[PDB]
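before I ask anything, here's the sequence and the deposited coordinates:
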Amino acid sequence: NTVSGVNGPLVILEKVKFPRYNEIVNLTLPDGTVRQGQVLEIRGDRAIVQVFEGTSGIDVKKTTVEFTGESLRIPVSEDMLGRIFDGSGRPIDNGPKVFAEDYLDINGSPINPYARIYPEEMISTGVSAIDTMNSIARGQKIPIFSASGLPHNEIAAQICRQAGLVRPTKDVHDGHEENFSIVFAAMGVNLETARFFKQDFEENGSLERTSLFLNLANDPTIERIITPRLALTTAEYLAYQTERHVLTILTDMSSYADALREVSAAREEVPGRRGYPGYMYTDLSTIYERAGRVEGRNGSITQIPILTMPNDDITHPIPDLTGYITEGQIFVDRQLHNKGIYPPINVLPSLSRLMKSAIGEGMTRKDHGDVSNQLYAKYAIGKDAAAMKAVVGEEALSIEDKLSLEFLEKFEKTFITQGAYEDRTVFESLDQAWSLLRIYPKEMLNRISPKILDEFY
Amino acid sequence: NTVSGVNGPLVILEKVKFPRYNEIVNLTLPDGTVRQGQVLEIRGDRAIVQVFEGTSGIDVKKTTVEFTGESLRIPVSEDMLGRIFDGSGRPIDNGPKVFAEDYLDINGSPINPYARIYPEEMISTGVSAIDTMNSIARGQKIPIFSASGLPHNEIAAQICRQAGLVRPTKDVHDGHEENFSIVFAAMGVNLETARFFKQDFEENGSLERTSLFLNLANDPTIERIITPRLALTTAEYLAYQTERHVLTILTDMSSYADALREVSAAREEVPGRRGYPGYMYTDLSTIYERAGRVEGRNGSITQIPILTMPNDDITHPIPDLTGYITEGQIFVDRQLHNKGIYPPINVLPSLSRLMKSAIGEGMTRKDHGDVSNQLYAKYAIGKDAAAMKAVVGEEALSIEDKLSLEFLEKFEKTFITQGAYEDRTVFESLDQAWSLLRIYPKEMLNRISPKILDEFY
Amino acid sequence: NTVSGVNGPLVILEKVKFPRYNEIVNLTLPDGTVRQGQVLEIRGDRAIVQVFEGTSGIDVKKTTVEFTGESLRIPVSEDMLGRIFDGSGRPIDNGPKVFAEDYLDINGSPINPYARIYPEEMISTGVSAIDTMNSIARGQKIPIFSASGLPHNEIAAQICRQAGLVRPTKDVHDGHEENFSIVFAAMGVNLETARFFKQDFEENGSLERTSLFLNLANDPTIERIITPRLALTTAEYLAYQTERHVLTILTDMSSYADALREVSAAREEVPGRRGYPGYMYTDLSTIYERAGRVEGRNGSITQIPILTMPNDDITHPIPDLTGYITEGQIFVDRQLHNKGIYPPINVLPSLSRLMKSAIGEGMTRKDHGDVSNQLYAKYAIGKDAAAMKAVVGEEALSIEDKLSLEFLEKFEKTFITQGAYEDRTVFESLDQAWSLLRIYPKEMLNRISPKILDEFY
Amino acid sequence: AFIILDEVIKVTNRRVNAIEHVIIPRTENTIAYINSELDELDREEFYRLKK
Amino acid sequence: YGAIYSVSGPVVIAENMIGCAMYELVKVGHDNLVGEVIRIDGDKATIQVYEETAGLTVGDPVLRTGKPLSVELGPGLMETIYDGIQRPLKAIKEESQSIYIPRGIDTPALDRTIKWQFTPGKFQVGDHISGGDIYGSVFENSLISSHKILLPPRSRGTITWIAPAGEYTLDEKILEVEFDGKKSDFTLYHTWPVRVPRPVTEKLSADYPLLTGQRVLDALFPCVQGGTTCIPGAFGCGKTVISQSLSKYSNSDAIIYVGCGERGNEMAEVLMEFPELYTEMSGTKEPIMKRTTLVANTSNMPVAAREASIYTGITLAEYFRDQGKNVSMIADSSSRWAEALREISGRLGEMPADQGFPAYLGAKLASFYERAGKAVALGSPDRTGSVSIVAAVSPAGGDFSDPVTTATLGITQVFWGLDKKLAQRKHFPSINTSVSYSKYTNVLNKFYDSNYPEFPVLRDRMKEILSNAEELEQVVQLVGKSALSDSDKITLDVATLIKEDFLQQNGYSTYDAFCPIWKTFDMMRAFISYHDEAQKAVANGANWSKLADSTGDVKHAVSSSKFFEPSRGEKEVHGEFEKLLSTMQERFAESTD
């Protein structure tokens, strides 16, 4: 029909009642430009659409509507790596075209087949603090919690690039037997960021390794929400049909959450805690549910979402929600970054509750998990002692505390300090970790089972 | 009188003008069960009812309604006592109707003479910590402020138990010369705790003297608020017609308060501060209305409400509005509880203003208000002396602060710490208080007349 | 036609579209009471009027309307000086009105000619502590930030009365030659407070030089928000047309902000933090647009608003936004009031943004900047010295602290403490500065050029 | 006196550290977190009345 | 005429109402209940109903009375306890057997059956009269005739007939005015609408005090009649005690006691206390109660009444001000009144923007308060009247930076503090110097200098001691002091004394809270003198411990001098204090050498 009105990202159509929920419609501007949207609400003889593309210039009887008569599905192909796409279901970059062999829905249940069997295969990042203290699995979800003084993009790229070199070393070990694929999606970040990422992937290896979805900040909030959904379709097909392990790097996850926030402000929808939607739980879930092993059980989708915290607080709604849902927490610290530690990952609150699922034992040691717990415990004591060193001085602290202050300093500067291309095998990391444990005496290492301490020291 | 719609438990009826405010309706369901409901609002060509038994079975054209023709009134008996009753009455709790002697309006429309007559003589609760510090007088409302993380239930139980054990000690004192009756109205309390209340009355042998109305937290919200209103009407019958001293315990005011919030989310009336009604105060005041001394001095109703602070602050709505109406407050203590004390209240936030003028003589002394004041002063300082020790050390502490520290402990574990079957005379309380208070010279004590302090030092 | 209804001070009249925006309409009641209103909003087939006169006792069927045909404008003359008016410009001097030479728009002003040549020349108030530490330039917006533990109003009479008597003392320095007028607006004033200002200006011989507008805390809000608007216009007519410096004193800004909160929800709009409008700013800015030097470059509208916070609350929107537009603020101390130093203003948290460029010449010295530095730093060390003394003793106090200890009491008792009719320009302030400073040696006075110092120590 | 000064300085060095490191960030975190929750209750109400 | 469309709470909607005013008294229902149409939106009138609802049906007739809600001002107001629109409680108590007026039952504001003694004025047949003039008097009160029968404000004309002395009723006619034909018959009582303020000839300067009798009040800043005063409360800081004590000391000719939405036991208490308690000068017969008119509302009464309570009280205060009587308006607590506006805001279906309190709150809180003050009496005979409002204020948002407290501090001129934590240690009122201010100080202190006290000097010094003491106390806590300068200990020590003698008072021990304004001057005089000797002694040499110990015997006596009140003579400056002064100097010498 024709546009009735427009109030923000919501568009009021006066139409007829034949449309179905999320059925595509195309808005024909008087310029003769077509932009796409999907109906968010339908009522009798009228619709509310949210348009992906644009949010202004929308007329009345000079404008027209046309129905596509297909509710939105993403055209998925398995020849997607190396190929440049834009976050809009097609490239607007003029990159190699998407093609379709299935079109798969982004609602969060197309044909979805996931974990009835939990991850047991270890996948390494080449970084000790990640791998040893928390571990990463063939379905693991780990949030990178970052800040406005940390460079989020440099760490994001760091984890991805080094996990591509380690992952074939692990294929030979028989941790794997199937392909590796990267799906990189950037949604609504700066130009400066976008360019940087592409440059990073090229240096380490190639861009044949990865598939790229690029979405620009100048493009709307409505576009931004569809951008990860496009990533999900890509990854699920690859795992399902061609038994490939898929690694998704989703940047920026915070970018996506602010978008949700905008479609409740310029909607009449009342928001929940701290101005973030009440139905914020469901929006976030959609990304995280579509993870784990994929049917055949040689395919998988593994997630590393990248969150930048704006206030850097742990009372902000985004970091909290994400944490309950995700299988691990990786906290990256501004204070380490300042001191000259790269990567500057603080493990004080980094925790996995699904620690068993995260570790490996058939392509990693059984001792891996036992040592990690002890290390974490001994790091924590070393932090309690650090605060006490400032207050009390060395004028009353105990013999035991002194060992823990030394351990803390040796631990930051050796374990967490690694070259920009220097990759550590998980077995070598144990040897490093054992050096860290070795200064404490056999009565301070009392919590650990006697069997392990007498065996390996 | 057919249903237009149902939104929530609230039902929109079409009917034509007839019903008066709070006129009962009978809901005829097509399953062959009649359920009762109250008109909350009567309007032009519709009335809106909220149903007391469930909300199930409401249809549009398969339901019919017929009018009771009668505004809500309580069927009252004085043989109601010695028996278990319920808001609507159930046969499975042995009490399917009171078998009325009189129908009295629950709004005290026949007559309601209260609050132009001043409180009479002191009454024993058997707890030293209440009785000295706060004056509980017949024909007064003094509330118990309670808190979460603490069994508030246990405090209510101690009051029920000690009620009827005090009354022969008083009969000799000349504090009593008329019957004692307990009216227990339970609403929204846990099911397990309801059963503990029932056992306490039987054990003491005070089952005879009490009537129970029990409203669960699965019984509808409008029904829930009406149950304490029923029990107070019953108290007015006994107090005024047959000259009983009534002690009515109304637990738990938090469940009443919650109910207020959930209703009016579908009327024209629309909640106040933080989603709690602005007219929450009006509700409260209807409960406080039927309490007080009675004209011509036939009997009294005394009321001890139990409030649970849900956030553990008294700056929250439930303590805040209630506290302005009430003549003082007795607020519990979180800290004592952890230690293990029972009853665990504290005296610093507890004050009754009308203490000096209210009380009798011949089992409560003249020195009663004097000694309370002194006991609080030494305790304020003791609490603070702990705080200065934490930060700096023994640096701002002195001979005066060091005494006060000793005071805070001896008082906490001797005065406040008692049994839950211990009956303590107001004469006993004062004797013990003076013994404790010997810790400072007569010249350091000037919060008391020098006349009084020599007699009783 | 008739009045359709009333809801609050909002009067809904059923009329076509006949009044233009801001057109005064006369509601004619037949009971000897004529009332005037302004259409606040005009909508289709209805208009919303808020009445200047009353708020209740309006008929909804016996009222008739007449259109004045004149949108709100202020009759401005200059024989207004030496006369007391109310909040709508009607005289409370009694006797015939003054009328106009112009009707000028109050809404934002019909020509707005305000500064793009920043403030030069010095304005004195008559108090050394304000002048030297917190210098005010012609057309510069420096308010007095006050609190409720002080009589904010008294301190305000004092600045007004003593201002423009400074201008003759300046004529002798030959810094001024132009006629000074003063505009006074009292908003939400008590009768007793109101009379206090009138009687004070009358003593000084400043009453002839000022016009006073009183809006009482009992008159409509709409009338009260208009009160500063009328005052800003009088000041502007005198600045522009007759090339005069006019100082306008706007007390109390909280009354005006409160009034806006009452009209926020009167309106069909939604407020911001803590219930205070998010468009509070827009309103405040209207005041501020009239503020500054007028084009002609020897006339100005200088503005001192007084804002009272409840207990120095900076959680409140009002000091945080108002403080942004303005260029510094003058903070008053309760601690000094309590000691009995009056005026009790403290010059250390107080600021003048541009202070070396907020003075002129021939009516200041160039030594002004150097002394502001010296005065400030020694008063701060003295504040530290008081606290120090108490811990260390006097038997262990430092020799520099002793000079600082004395400095603290003399700066307060000479510079800050002064009479209710004392007057000060920058030269007078400056002589008193050197006598406080004289006590410090030259080698402790090093923020000052060696030139100045050898002449004035 | 000299032995007496040495004993006191140690109590004094401890306090200067203690205030900065512990107290000041404990006050900051508590005030700001409660401020933020308190304003939220107030804002949602306005939105519900408006809706 | 009108028809009830809906009953929603205690608030009633009625359709078919037009040409009505916005304060019209309306009769709602078939029981003829009192109600008031605040607003009308089209044909629908929202009515605040000042009786209960438990059986109001739709389709019942609503009849407008054709006039505003007004109050009746005249004879027999004294010695009666009223609700918030005025109904005589006593008549109801025997007859209905109730205290909260049930539906089906109504009574008019004053009694009809009581005859009064009428005495003629100064005016005679032919004389022009206008508003606030004295047309006669009725002898009421203990000590003076308090009821001046005044012609209502804004009414004028000529009196054709002044009736002679005798006894007459107050529904009976005794005056006729001619102005546009016969204007009307007048009775003893005359009518005025409560939502409308009374006019006055003019406002006047406050310079006359009121004897509050509270030592701490009289000491720290002036006590003012014509006043505007706030005292913070919080319900559990001795606040009720200091209010009833205050009603008994008040030395004003009339006192109007206003229950906003109180405890209900207290509305019993003030009633019982008044006929059997003696005033400060001591009245003749039923001292306090004869002088008192009582508006008593508990929380349990209708919120429509609680809303009205404060208005009834101020119109009574204002009538009496115009009579040329000095009046005390004692109101407790405004926050409960504010809570009443809030109860109505949610029920009508308004938009609050002040933490669940109405947007309208600020204009109503202010408008009401401006009616108090000292003024020149309305009318030709010329008299002086005053209304001093002593108002309690309390939290209501739970904060202290909640709207209720923000609006009240701005409009008030006088604030004397109270702290809850110190109050618990028992030292109420436990005044906070920092939140306290007075604007009245200068004119009031000039007045007191003329009256004999050297007050102003002490006052600054009382404040100065308490201020430095405060600061010193944070420094003892924070650093954790290892020493003090010998002077600072004196400051702290002298402040402790101030706490006992003034701040620690109990309003039911009248030996421990009563002093006339001069007695107060002498006690403070003694303290300020002690500080003055003590500062000099350290300066001339002497240790603090030497100062405290040698001063000794006189230090005990001044501490213990708070247990006294005039009872050694009708004299306000005693030998008790004059003797101490010379002995104190004698003590000083000892300390110094």
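Arrived safely, thanks for sending. Numbers count the residues shown, from 1 in each chain, chains lettered A, B, ... in the order given.

what sits closest to the closest residue to chain E within chain D if chain neighbours are left out?
Residue of chain D nearest chain E, by C-beta to the nearest C-beta: residue D:49 (5.8 Å). The way it works is simple: take the backbone N, C-alpha and C, and place the C-beta from them, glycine included. Distance criterion C-beta to C-beta, 6 or more residues apart in numbering or on different chains; nearest residue to residue D:49, sequence neighbours excluded, is residue E:351 at 5.8 Å.

hmm, residue E:359 and the one you found touching each other?
Yes - Residue E:351 is within contact range of residue E:359, at 6.7 Å (criterion: C-beta atoms under 8 Å).

residues shared between the contacts of these two?
residue C:265 (C-beta atoms under 8 Å, 6 or more residues apart in numbering or on different chains).

beta partners of the residue nearest to the spatial centre of chain A?
Chain A has residue A:305 as the residue nearest its centroid, 1.0 Å off, counting by C-alpha atoms, centre = their mean. Residue A:305 forms beta bridges with residue A:250, as assigned by DSSP bridges.

what sits against it?
A:141-144, A:250-251, A:253, A:287, A:322, A:326.

what about it, distance to residue A:189?
Distance of residue A:305 to residue A:189, given as C-beta to C-beta, to the nearest Å: 14 Å.

what do you get for residue E:541?
From residue E:541 to residue A:189 the distance is 77 Å (C-beta to C-beta).

between the two, which one's more packed in?
A direct count of neighbours by other C-beta atoms under 10 Å in any protein chain shown for residue E:541 and residue A:189 places residue A:189 higher, at 21 against 9.

would you list every one of the helices in the stretch 401-550 of chain E?
For the stretch 401-550 of chain E, the helices defined by DSSP state H, counting those that start in this stretch occupy E:403-411, E:420-423, E:441-451, E:456-475, E:486-498, E:517-539, E:544-559.

out of the ones you listed, deepest packed?
Compared across the helices of the stretch 401-550 of chain E, helix E:403-411 shows the largest average neighbour count, a mean of 24 (mean count of other C-beta atoms under 10 Å in any protein chain shown).

who's in contact with that one?
Residues contacting helix E:403-411 (C-beta under 8 Å, 6+ apart): C:148, C:188, C:190, C:217, C:252, C:254-255, C:258, C:275, C:308, C:310, E:228, E:230, E:232, E:334-335, E:338, E:354-355, E:357, E:361-362, E:365-366, E:369-370, E:391, E:393, E:395-397, E:399, E:415.

pretty sure residue A:224 sits in a helix.
Yes - judged by DSSP: H, G, I helix; E, B strand; the rest coil, residue A:224 forms part of a helix.

surely it and residue A:187 touch.
Yes - counting by C-beta under 8 Å, residue A:224 touches residue A:187, with 5.0 Å between them.

okay, and the common contacts of those two?
Going by C-beta under 8 Å, 6+ apart, residues that sit against residue A:224 and also against residue A:187 are A:87, A:215, A:255-256.

redo those residues as JSON lines? Include neighbour count.
Below are the shared contacts of residue A:224 and residue A:187 laid out as JSON lines (neighbours: other C-beta atoms under 10 Å in any protein chain shown):
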{"residue": "A:87", "neighbour count": "27"}
{"residue": "A:215", "neighbour count": "24"}
{"residue": "A:255", "neighbour count": "23"}
{"residue": "A:256", "neighbour count": "26"}
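
give me the subset of the residues you listed lying in helices.
Of the shared contacts of residue A:224 and residue A:187, the ones assigned to helices by DSSP state H are A:255-256.

and the residue nearest to the centre of chain A, how close does it get to chain D?
25 Å (C-beta to the nearest C-beta, to the nearest Å).

now do residue A:335
Noted for residue A:335: a distance of 13 Å to chain D, by C-beta to the nearest C-beta.

residue numbers of the stretch 251-400 of chain A in contact with chain C?
Nowhere does the stretch 251-400 of chain A come near chain C, counting by C-beta under 8 Å from any C-beta of the partner chain.

next one: chain D
For chain D, the residues in contact with chain C (C-beta under 8 Å from any C-beta) are D:35, D:39, D:42-43, D:46-47, D:50.

so which of those residues are also by chain A?
Near chain A, taking C-beta under 8 Å from any C-beta as the test, the members of the residues of chain D next to chain C found are D:43, D:47.

chain C: which of the residues of chain D next to chain C is nearest?
Here the nearest of the residues of chain D next to chain C to chain C, counting by C-beta to the nearest C-beta, is residue D:50; it sits at 4.8 Å.

spatially nearest residue to that closest one (excluding sequence neighbours)?
What sits nearest to residue D:50 in space, not counting adjacent residues and going by C-beta to C-beta, 6+ apart, is residue C:270, at 4.8 Å.

again with residue A:125
Distances taken as C-beta to C-beta, 6+ apart place residue A:163 nearest to residue A:125, at 4.6 Å, with adjacent residues excluded.

give me the element that neighbour is part of.
For residue A:163, the host element (DSSP states H and E) is helix A:152-173.

distance from that helix to the middle of the chain?
Distance of helix A:152-173 from the chain centroid (C-alpha atoms, centre = their mean, to the nearest Å) equals 14 Å.

okay, buried residues for it please.
For helix A:152-173, burial by neighbour count (16 or more other C-beta atoms under 10 Å in any protein chain shown) applies to A:152-153, A:155-164, A:166-167, A:170.

ramachandran angles for residue 290?
Using chain A here. Here is the backbone geometry of residue A:290 (degrees, to the nearest 10): phi -90, psi 70.

chain E was what I was after
Per-residue torsions, residue E:290: phi -60, psi -40 (degrees, to the nearest 10).

before we move on, what about the one 3 residues further on?
When read as degrees, to the nearest 10, the backbone of residue E:293 gives phi -120, psi 140.

contacting residues for it?
The neighbours of residue E:293, taking C-beta under 8 Å, 6+ apart as the test, are E:77-78, E:80, E:82, E:254-257, E:316.

run through the residues that contact the most centrally placed residue in chain E.
By C-alpha atoms, centre = their mean, the mean C-alpha position of chain E lies nearest to residue E:330, the distance being 1.6 Å. Contact analysis of residue E:330 by C-beta under 8 Å, 6+ apart lists E:243, E:246-247, E:250, E:255-258, E:390.

buried residues in whatever helix or strand residue A:25 lives in?
Secondary structure assigned from DSSP H and E places residue A:25 in strand A:23-28. Buried residues in strand A:23-28, counted by 16+ other C-beta under 10 Å: A:23-25, A:27-28.

now what about that strand, what contacts it?
A:3, A:11, A:13, A:19, A:34-39, A:47, A:49, A:51, A:58, A:63-72.

burial of residue D:50, as a residue count?
13.

same question, residue A:100
Quick note: residue A:100 (other C-beta under 10 Å) scores 12 neighbours.

next, find the distance separating whatever residue of the stretch 451-593 of chain E ends up closest to chain B from chain A.
With C-beta to the nearest C-beta, the shortest gap between the stretch 451-593 of chain E and chain B falls at residue E:480, namely 2.8 Å. As judged by C-beta to the nearest C-beta, residue E:480 and chain A stand 16 Å apart.

make sure that residue is actually in contact with residue B:388.
Yes - counting by C-beta under 8 Å, residue B:388 is a contact partner of residue E:480 at 6.9 Å.

got the CA positions of whichever strand or helix holds the residue nearest to the centre of chain E in CSV?
Assigned by DSSP H and E, residue E:330 belongs to strand E:326-332. Output of strand E:326-332 as CSV, limited to C-alpha atoms (Å, rounded to 0.1, in the frame of the first residue of the first chain):
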residue,chain,number,x,y,z
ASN,E,326,-2.8,37.0,69.3
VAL,E,327,-3.1,33.4,68.2
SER,E,328,-0.8,30.3,68.1
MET,E,329,-1.3,28.0,65.2
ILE,E,330,0.3,24.7,66.3
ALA,E,331,0.3,22.1,63.5
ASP,E,332,1.7,18.6,63.7
